[PDB]
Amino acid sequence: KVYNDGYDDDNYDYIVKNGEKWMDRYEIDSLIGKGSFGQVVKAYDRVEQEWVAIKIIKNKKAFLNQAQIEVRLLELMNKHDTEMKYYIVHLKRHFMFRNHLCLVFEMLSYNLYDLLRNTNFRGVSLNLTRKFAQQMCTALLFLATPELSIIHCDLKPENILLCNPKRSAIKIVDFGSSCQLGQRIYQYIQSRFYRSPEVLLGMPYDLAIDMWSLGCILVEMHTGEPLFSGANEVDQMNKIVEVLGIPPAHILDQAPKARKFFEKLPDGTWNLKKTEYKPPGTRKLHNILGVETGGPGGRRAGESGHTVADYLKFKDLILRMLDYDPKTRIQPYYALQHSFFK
């Protein structure tokens, strides 16, 4: 009939009303986002005199506990990321308000998907992509801090916001799926398009799964379309094999879900199970980026900083991020030393 004395709807969300004033501080403007966790609203903090994004967690134990995990990680990064120099969204504050946990973040701009949609999904320049690549590798280096060792676990263009629509700075948001390194508890993780092979294959994983997501994300930012846009896990792996080929046998010989996608023939080698797709490794990233044809779709012909030399340095870094072996995959410190950033 009525939930939380009328403050919540039937699925535990707080009914947001534009113009409401919380605790004589926050002036709720409008709803800017929704999710399984709850809602995100645009509000004006009057003590600090600034716009803020408030994350109102649903009035439900499951989502309340998931948010305290998120708060513990965010505050743990504030102890290390003083002055906010590592491109992580800053948690300012949190409080309870009418049985909902509220998290106050800095008011950020559009996400990288919004930006891509406004190119009609054909990408931004390689010079801007380099600016995002350097900032993302730097944030991943921060999460790699030994005392942190944080896996974001859901990197994707929507989880990366611009600070100011007039500036090329980006921030990583939404650490509700995030966990610190440790013994394996979850296996169905990451967004599918950006899910690493060790996750698809049911193998142990570490912080290197975020480096895989980045490689897919960076290519997507320049071409406009997801690199591996699988409609399911079988389709996903098949689109990975198109570009990178069959994974190594010493990995597949260990993968618990190897046979969900592959088959071992009598001769001891692995091949794709029949389900369409190009032969393994013939959708070359060289051609996807259009290294020698003027970029994706030839749309970058004649633009400065889009030479074959530049594309070859971008391709090399990406291929280091899309390494099948998570122990060989490039690490943030090394990625930042790459020639693509000189």
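What we label the rigid core is the largest C-alpha set whose atoms superpose within 1.5 Å from one form to the other. Don't overthink the numbering: it's just position in the shown sequence, from 1.
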For this session: Return whichever of 315 to 323 or 21 to 29 has the larger RMS Cα deviation from the displayed form in 9 other deposited structures of this protein, where every structure is aligned on the rigid core.
Result: 21 to 29
Exercise. So which moves more in 9 other deposited structures of this protein by CA, 160 to 168 or 83 to 91, given a superposition on the core?
Worked result: 83 to 91
Exercise. Do any residues of the deposited sequence lie unmodelled between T275 and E276, and which range holds their number: none, 1 to 3, 4 to 9, or 10 or more?
Worked result: 4 to 9
Exercise. Once you work out the mean C-alpha B-factor for both 83 to 91 and 197 to 205 from the entry, which is higher?
Worked result: 83 to 91
Problem set entry | 207 to 215 or 117 to 125, whichever carries the higher mean Cα B-factor | 117 to 125
Exercise. Which of these, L317, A62, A53, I288, has its C-alpha atom at the highest B-factor, as the entry lists it?
Worked result: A62
Exercise. Of the options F228, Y110, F105, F175, which has the highest CA B factor as deposited?
Worked result: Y110
Exercise. When the modelled residues of the chain are sorted by Cα temperature factor, does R329 land in the lowest, middle or highest third?
Worked result: middle
For this session: Consider only the C-alpha atoms of the modelled residues in this chain, order them by B-factor as the entry records it, and name the third containing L73: lowest, middle or highest.
Result: middle
Exercise. In terms of the CA temperature factor given in the entry, to which third of its chain does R192 belong: lowest, middle or highest?
Worked result: lowest
Exercise. Which third of the chain does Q135 land in by C-alpha B-factor: lowest, middle or highest?
Worked result: lowest
Exercise. With respect to C-alpha B-factor, does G268 fall in the lowest, middle or highest third of the chain as deposited?
Worked result: highest
